[PDB]
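Visitor: Could you have a look at this structure, given as structure tokens, before my questions?
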Amino acid sequence: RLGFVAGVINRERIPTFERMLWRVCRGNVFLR
Amino acid sequence: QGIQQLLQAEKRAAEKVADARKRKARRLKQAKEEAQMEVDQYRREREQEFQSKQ
Amino acid sequence: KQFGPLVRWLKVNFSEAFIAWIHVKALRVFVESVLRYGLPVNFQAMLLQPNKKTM
Amino acid sequence: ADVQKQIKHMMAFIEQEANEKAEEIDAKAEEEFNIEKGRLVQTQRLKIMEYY
Amino acid sequence: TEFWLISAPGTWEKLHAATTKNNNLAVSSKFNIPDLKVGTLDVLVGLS
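Residue numbers (the UniProt record's numbering), protein chains in the order written: chain A, 167 to 198; chain B, 6 to 59; chain C, 274 to 328; chain D, 6 to 57; chain E, 2 to 11, 18 to 55.
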């Protein structure tokens with residue numbers, strides 16, 4: 167139905183963002 | 006390699022959600038044509054008493 | 274005259290509220306288990322017991 | 006590996022809501038199919054009851 | 002008195024008895040809860 171959002175982020179926190187974003191939504195995400 | 010297989014399942018979920026839109030609409034158009042059986046019920050119910058009282 | 278009336282009230286209301294928090298903990302345990310684990314039909318249910326000084 | 010596990014959870018979560026949102030339309034097609042039949046039959050009798 | 006309640010899903020219900028083999032930690036009771044109603048994804052995380 168829905169579920170697409172596009173953005174940009176720096177590479178100095180890209181590994182720290184995907185580690186924290188998984189614990190906040192309790193999974194149920196696909197971040198490539 | 007997983008985003009292509011994920012979007013095809015939601016595209017399969019779109020027609021299943023539209024099949025309910027093709028099932029709720031199918032029971033509604035059938036109801037407006039099965040309501041004519043009430044017209045055929047009262048027409049035979051009135052003619053039995055519009056001749057015994059005539 | 275209000276001692277026996279209140280002690281009979283606190284004996285049944287606190288037991289209802291402690292069972293209400295126990296039911297809300299299982300609702301918090303039924304939640305966050307279908308998101309942390311997969312939801313084919315239902316996740317495997319399990320619990321634990323208390324422990325002292327070896328946590 | 007572990008990212009393929011989250012893809013399998015999304016396939017079970019999207020098909021579950023696709024089964025819930027379609028069955029809720031069927032439950033709306035179960036209550037309103039008789040509520041429109043009972044309303045139209047009471048309406049059709051009144052157009053003949055004045056003629057009766 | 003304290004308490005800890007942790008669920009560990011995936018047989019899979021027999022590995023919960025393997026936590027009872029560590030006798031110095033816990034007894035690892037089952038404490039089963041019945042099946043509830045599901046069918047929400049946005050409202051499941053919104054109820055959290």
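Just so it is clear, CB atoms sit at the ideal spot from N, CA and C, and this is done for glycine as well.
Is the stretch 307-323 of chain C touching the stretch 20-39 of chain E in the sense that three or more CB pairs, one from each, lie closer than 8 Å?
Guide: Taking 8 Å as the limit for Cβ pairs, the verdict is that the stretch 307-323 of chain C does touch the stretch 20-39 of chain E.
Visitor: Find out if the Cβ-Cβ distance for the pair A299 of chain C, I40 of chain E is shorter than 8 Å.
Guide: The residue you call residue 299 of chain C lines up with position 26 of the third sequence. The residue you call residue 40 of chain E lines up with position 33 of the fifth sequence. Yes.
Visitor: Alpha carbon to alpha carbon, how far is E20 of chain E from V46 of chain D? Give it in angstroms, no decimals.
Guide: Taking the fourth sequence and counting its residues from 1, one reaches residue 46 of chain D at position 41. Taking the fifth sequence and counting its residues from 1, one reaches residue 20 of chain E at position 13. C-alpha separation (whole angstroms): 57 Å.
Visitor: Which of the three DSSP states is assigned to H14 of chain D in this structure?
Guide: In the fourth sequence, the residue the question calls residue 14 of chain D occupies position 9. Helix at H14 of chain D.
Visitor: Would you kindly report the start and end of the unbroken alpha helix (DSSP H) that includes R309 of chain C?
Guide: As a working note, residue 309 of chain C is residue 36 in the third sequence. Per DSSP, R309 of chain C belongs to no alpha helix (DSSP H) and is neither H nor E.
Visitor: Any chance you could list the alpha helix (DSSP H) runs of at least 4 consecutive residues sitting entirely within the stretch 275-306 of chain C, in chain order?
Guide: For the stretch 275-306 of chain C, whole alpha helix (DSSP H) runs of length 4 or above, ordered along the chain, are 276-303.
Visitor: For the stretch 19-28 of chain B and the stretch 26-38 of chain D, state whether three or more C-beta atom pairs, one from each stretch, are separated by less than 8 Å.
Guide: yes
Visitor: Please confirm whether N176 of chain A has its beta-carbon closer than 8 Å to some beta-carbon of chain D.
Guide: Here residue 176 of chain A is taken as the residue at index 10 of the first sequence, counted from 1. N176 of chain A does not count as touching chain D.
Visitor: Looking at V52 of chain E and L308 of chain C, is the spacing between their C-beta atoms short of 8 Å?
Guide: The residue labelled residue 308 of chain C in the question sits at position 35 within the third sequence. The residue labelled residue 52 of chain E in the question sits at position 45 within the fifth sequence. In this structure, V52 of chain E lies closer than 8 Å to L308 of chain C by Cβ.
Visitor: At least one CB of chain A closer than 8 Å to the CB of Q11 of chain D: is that the case?
Guide: For this step, residue 11 of chain D is matched to residue 6 along the fourth sequence. With 8 Å as the cut-off, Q11 of chain D counts as an interface residue toward chain A.
Visitor: Please report the straight-line C-alpha distance between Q49 of chain D and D45 of chain B, rounded to a whole angstrom.
Guide: One-based indexing of the fourth sequence puts residue 49 of chain D at position 44. One-based indexing of the second sequence puts residue 45 of chain B at position 40. Taking the straight line from one Cα to the other gives about 11 Å.
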